[PDB]
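>>> An experimental structure, sequence included, is below.
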Amino acid sequence: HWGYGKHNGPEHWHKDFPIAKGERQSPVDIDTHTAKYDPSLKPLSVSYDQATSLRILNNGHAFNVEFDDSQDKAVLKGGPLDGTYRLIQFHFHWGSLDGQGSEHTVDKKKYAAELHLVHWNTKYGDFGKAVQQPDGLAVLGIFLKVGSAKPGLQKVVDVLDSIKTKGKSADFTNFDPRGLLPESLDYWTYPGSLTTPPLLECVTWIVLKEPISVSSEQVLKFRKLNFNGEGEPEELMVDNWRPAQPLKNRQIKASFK
Ligand SMILES: [Zn+2]
């Protein structure tokens, strides 16, 4: 099956998922000088006050913090979006070392990690229907750099020991994702894809300019997770990022001057 190794990593995914070589693949390098300021772009509206987290899952490629998406409780709108997108899950991508781990890059800079808050367009009714549409998802991407601790991340860090291996889940209620946001909601946006199989071209990407800081100890705990299942040979869950893909016929727009 697909993964992040020599024999099953990103350079192999096109064999099972030919859209890997498509016209709107993610992630991309954000060339800050070429991104055009678009005064028509609206402020992002992040409404997470009623978010209901339920569970955290090690799915063998990352860990997902899952939300109740059976009502408009945690929604993204505005920015480049038409209509309302409901939060379903967030997860991260990270490196074996602090000098790599992000999926998007900024003028070729790689951050230590990248947070993806995944939302689906309510006009398609369910996540599974939304991923079949070119405007089905909105993913809010936030870079992580290593420095000061992020206090709002620590509850996530401390549950990871309970989901070390693939297929383990734990109850994870009352987690407030507002504690993972930077101060500024300035962003870049472009049309792209899921960054893991099935690589569907269904995402409006919204990548925040301002990173969050996490401590070395916080990211070190991400790197103790395992790709393998319990009682299998230990393979540390590190370098679970897809590198930048060709921009092709796309424009990256900036919300800010
Ligand atoms: Zn992701």
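It's in. Numbers count the residues shown, from 1 in each chain.
>>> For residue 225, see how far away residue 127 is.
Going from residue 127 to residue 225 by CB to CB, to the nearest Å gives 24 Å. C-beta: built from backbone N, CA, C; applies to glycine.
>>> More neighbours: which of those two?
Neighbours per residue (other CB atoms under 10 Å) separate residue 127 from residue 225, with residue 225 holding more: 22 against 17.
>>> Just the CA coordinates for stretch 206-225, please, in PDB.
Output in PDB follows, covering the C-alpha atoms of stretch 206-225 (Å, rounded to 0.1, in the frame of the first residue of the first chain):
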ATOM      1  CA  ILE A 206      -5.900  28.600   2.200                       C
ATOM      2  CA  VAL A 207      -2.300  28.700   3.700                       C
ATOM      3  CA  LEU A 208      -1.700  31.200   6.500                       C
ATOM      4  CA  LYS A 209       1.400  33.400   6.200                       C
ATOM      5  CA  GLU A 210       2.100  33.500  10.000                       C
ATOM      6  CA  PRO A 211       3.400  30.300  11.400                       C
ATOM      7  CA  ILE A 212       2.800  29.000  14.900                       C
ATOM      8  CA  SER A 213       5.700  28.200  17.200                       C
ATOM      9  CA  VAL A 214       5.800  24.800  18.900                       C
ATOM     10  CA  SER A 215       8.600  23.600  21.200                       C
ATOM     11  CA  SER A 216      11.300  21.100  20.300                       C
ATOM     12  CA  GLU A 217       9.700  18.800  22.900                       C
ATOM     13  CA  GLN A 218       6.300  19.000  21.300                       C
ATOM     14  CA  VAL A 219       7.500  18.000  17.800                       C
ATOM     15  CA  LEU A 220       9.800  15.300  19.300                       C
ATOM     16  CA  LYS A 221       6.600  13.600  20.600                       C
ATOM     17  CA  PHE A 222       5.100  13.600  17.100                       C
ATOM     18  CA  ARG A 223       8.200  11.800  16.000                       C
ATOM     19  CA  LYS A 224       7.700   9.000  18.600                       C
ATOM     20  CA  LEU A 225       4.500   7.800  16.800                       C
END
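>>> Pull the distance from that stretch to the chain's centre.
12 Å (CA atoms, centre = their mean, to the nearest Å).
>>> Quickly note the distance from residue 69 to residue 121.
Distance from residue 69 to residue 121, by CB to CB: 12 Å.
>>> how about residue 20, secondary structure?
Under DSSP: H, G, I helix; E, B strand; the rest coil, the three-state class of residue 20 is helix.
>>> Return the residues in contact with it.
Under the criterion of CB atoms under 8 Å, 6 or more residues apart in numbering, the contact partners of residue 20 comprise 10, 13-14, 199.
>>> and residue 87, that's in a strand?
Yes. Counting by three-state DSSP, residue 87 is part of a strand.
>>> Surely residue 156 is in contact with residue 62?
No. Contact between residue 156 and residue 62 fails when scored by CB atoms under 8 Å: they sit 11.9 Å apart.
>>> I'd like the next helix or strand past the helix or strand encompassing residue 218.
Per DSSP states H and E: residue 218 is located in helix 216-222. Downstream of helix 216-222, the next assigned helix or strand under DSSP H and E is strand 253-254.
>>> Quick one: list the elements packing against that following strand.
The contact analysis (3 or more CB pairs under 8 Å, 6 or more residues apart in numbering; DSSP states H and E) places strand 253-254 against strand 36-37, strand 187-192.
>>> Give me the residues contacting the last one.
Under the criterion CB under 8 Å, 6+ apart, residues 24-28, 30, 35, 41, 44, 79-80, 134, 201, 203-209, 250-256 lie in contact with strand 187-192.
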